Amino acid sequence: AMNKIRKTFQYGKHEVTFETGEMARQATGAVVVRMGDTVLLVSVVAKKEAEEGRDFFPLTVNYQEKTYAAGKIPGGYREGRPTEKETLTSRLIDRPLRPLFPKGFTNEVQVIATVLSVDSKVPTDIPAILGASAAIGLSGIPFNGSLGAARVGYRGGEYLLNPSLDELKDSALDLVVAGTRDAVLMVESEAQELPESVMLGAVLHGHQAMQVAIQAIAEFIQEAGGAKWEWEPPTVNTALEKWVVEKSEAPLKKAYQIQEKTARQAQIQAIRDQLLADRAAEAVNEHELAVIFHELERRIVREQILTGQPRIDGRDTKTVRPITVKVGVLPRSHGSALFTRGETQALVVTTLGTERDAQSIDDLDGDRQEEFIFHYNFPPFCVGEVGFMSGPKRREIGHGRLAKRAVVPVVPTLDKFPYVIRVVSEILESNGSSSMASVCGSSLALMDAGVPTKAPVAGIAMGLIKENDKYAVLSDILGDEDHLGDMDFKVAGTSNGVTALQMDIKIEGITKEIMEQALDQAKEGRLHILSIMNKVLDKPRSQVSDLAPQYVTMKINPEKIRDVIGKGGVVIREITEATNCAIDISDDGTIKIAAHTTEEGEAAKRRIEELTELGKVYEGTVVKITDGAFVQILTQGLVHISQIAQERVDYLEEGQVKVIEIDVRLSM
C-alpha cells in the first residue's frame, strides 16, 4: 500500500522538499529530504518497549555519507568506519533532538541520516536536521518538536543564510543554530574575533530564518503524520517521595556544601546507598527511588542559587575558579602547557611536522588536506573512573572540533608558518568544561612551541538556573551546574572578539536578554582568564623548538635545477620518499629541505650533491678498458695507461682516482 505525501517550501536561496510514504515504510518514521541537489533519507526507528528502570535515554543518531552521493567510488581498499565528519554531524544532529524528547522517555530510538546526493551549494548538516525533525514528527514518537535549524554566515556586515562551503570562504562567521518555534535549542559556531553583539544577532537571525521550515515540517506532519504514541513517564508515589525527602534532604543540603568534588560525590553516594539499604530493610522502585533522589538534588542545588546563597564550591555567580598555568611541561615535546582551572585540568602538547605529517581527509567536500589537526581526549581517571581505553568517543571528537575552531582564527597561516601542527589536549581532571581548558591550554602550548599566533585565546563555560521570571547566570560552570542547570553556554575568543560560540539549552523560553547578559559575564570571565594566562606566556616565542623539524638549506646552480626535479618531477619525489624529507626548491637556485632529523637532513643533501672537476681526487669504479681505463667518477674520464701505477705496466678488470686535467684525464 503506497501512499506518497510530499511537502515543498522555499528556504532562502534553495527549494526544500520532504517526501514520505515511498521509501523505508517499515521505519517508525522516514523522510526523503531534498534541498537543492543534496538528498538525505532520514528514518527513525523506536522500540515500543523500554528496559524497566532505565537511567538514560538511548537515542542513537547515525549520519552516514555515501560516496555515490558525489559520484565517486570509495578510495581506500567500500565506505569504512565513520569519518570524523560523520561522527560530528551525528553529534550535531543528536544535540538539538535530545532535549525535545520528553523527560523520562527511555525507549531506545535510532535516527539514521544517509546522504544520497550531495550538492556543493547545499551543505548536508542543515537538511539532515530538517529531516530528523520531520521523521521523528511523522513517527508519532513522543516529541515536543518540531525543530528547525539554520546556518548563518557573516560578510560585509550582513548575514548569510545557509551559506555554501565556498561562500563561507568569504565569511567571518560560521554558525549553525537549531531550535523550536519558540526557542533556541543548540548553537555551534566558529568566527574570527567577532563581537558578542554580532554573535547574538546571528543566533537570532537564524532562529527567525528557520521558522519557515519549522512551519513546513509542522504541516508536513499534519498531512502525513502517523498517530501519536500514547505514552507516559514512570510514575512517582509521593508517599515514597516524602519519605525520601525527610530522610535525605538535610544530608544532601550539606553534602552539596562540600567544596572538593570527590569528597562531595562520595558523601552523596553514601546517602544514596543508605537510602537503598533503608528501603530494602523494608527493579522499577530503585529507578523510581533514583528519580526522586535526583529531583531532590536538583531542587537543592537550584534553590540555593535562585535565593542568592553561595554556590556549591562557594563562589558567587560571577567568579571564575582559581587558575594555575604552566608551560614547558614536558622535556621532549615541541610545546606544552598545563592549564588548571579549579578541578578541570588540561595538559596540552604541541607537535610540529613537515608536509609528510599533514593529514589527508576524504569525504563529500572532496579530498582536502589539513595542516592543523586538533585532538582532544578524556581518560576515565580524570573523572575518577574505570573504563575502556579504546578509540576516541563522539564527544572527544566533538570537543576536539570545538576547541580547534576556537583556536583556528589565531593559528598562523601556511605562509608565515610552513609547518604542520598537531595539538593534543589531555584532560587529567574534569569538574567542568574541560573543553574550554583545551583552548586555553592549547593557546599556551602553541606559543610555548613557537607557533606565531595572532593573539592569546581563552574560553569559558556558562549556564543558568531559571524558574519562571527569575534567573541567575552562572560563570565558569562546574559539572553539577551543567547537569542540574538549565543550559551549558560555551564562549571562546580573544580580547578583541569571540572565536567560537557553543550552546546547549535544556529549557525553553530563554530570551535574548538572558543570552545578552551571558555573553559578557562570559566576556569578563574570558578577559579574567586571559590576564592570568598572559602572566606566564603573553606572546609566541620568537623561535621554534630544537627537536622541531627544521629546514636544511643549500644553494644550487639554477641550471642544475633541470636535474633534481627530474623529468616529470620523478627524481625529487624519489628523494622525498627515500629520506622522508619534504624538499622545497626556489626556481632559482636555493633548496630548502624539511628534516625531522639531522640524520635525514644530512641524508637529504648527500642525495642532492649527487645530481650536482677539478680533481679534487674522486673515487670511482672502472667500466671500460682499452689500448687505458675509463673509470666512473660522477661522469667518466680516462685513466691513461701512462698514468696507471708506474713502473711501466690488467691492473684491473672492472671493479674498483685523481683528476689531473680537463679540455677529463685521471691518474693513480
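Numbers follow the displayed sequence, beginning with 1.
A.B. asks: Can you count, per the entry, how many deposited residues between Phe388 and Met389 come without coordinates? Answer none, 1 to 3, 4 to 9, or 10 or more.
C.D. replies: The entry leaves nothing out here.
A.B. asks: Relative to the deposited sequence, how many residues with no modelled coordinates occur between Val649 and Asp650 (none, 1 to 3, 4 to 9, 10 or more)?
C.D. replies: Unresolved stretch here: 4 to 9 residues.
A.B. asks: Test of understanding: from the entry's C-alpha B-factors, which stretch has the higher mean, 630 to 638 or 44 to 52?
C.D. replies: 630 to 638 has the higher mean C-alpha B-factor.
A.B. asks: Could you check the entry and say whether 467 to 475 or 359 to 367 has the higher mean CA B-factor?
C.D. replies: It is 359 to 367 that shows the higher mean C-alpha B-factor.
A.B. asks: So if I compare the CA B-factors in the entry for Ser438, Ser248, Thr590, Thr307, which one is the largest?
C.D. replies: Result of the comparison over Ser438, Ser248, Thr590, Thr307: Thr590.
A.B. asks: By the CA temperature factor listed in this entry, which of these ranks top: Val544, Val111, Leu296, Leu161?
C.D. replies: If I rank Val544, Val111, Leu296, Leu161 by C-alpha B-factor, first place goes to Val544.
A.B. asks: In terms of the chain's CA B-factor thirds, is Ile660 lowest, middle or highest?
C.D. replies: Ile660: CA B-factor falls in the middle third of its chain.
A.B. asks: Sorting the chain's modelled residues by C-alpha B-factor, tell me whether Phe381 ends up in the lowest, middle or highest third.
C.D. replies: Middle third by C-alpha B-factor.
A.B. asks: Quick check for you: using the entry's CA B-factors within this chain, is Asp174 in the lowest, middle or highest third?
C.D. replies: Middle third by C-alpha B-factor.
A.B. asks: Would you please rank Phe339 by its C-alpha temperature factor against the other modelled residues of its chain and give the third it falls in: lowest, middle or highest?
C.D. replies: For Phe339, the deposited C-alpha B-factor lands in the middle third.
A.B. asks: Select lowest, middle or highest to describe the third in which the CA B-factor of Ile5 falls within its chain in this entry.
C.D. replies: It falls in the bottom third of the chain.
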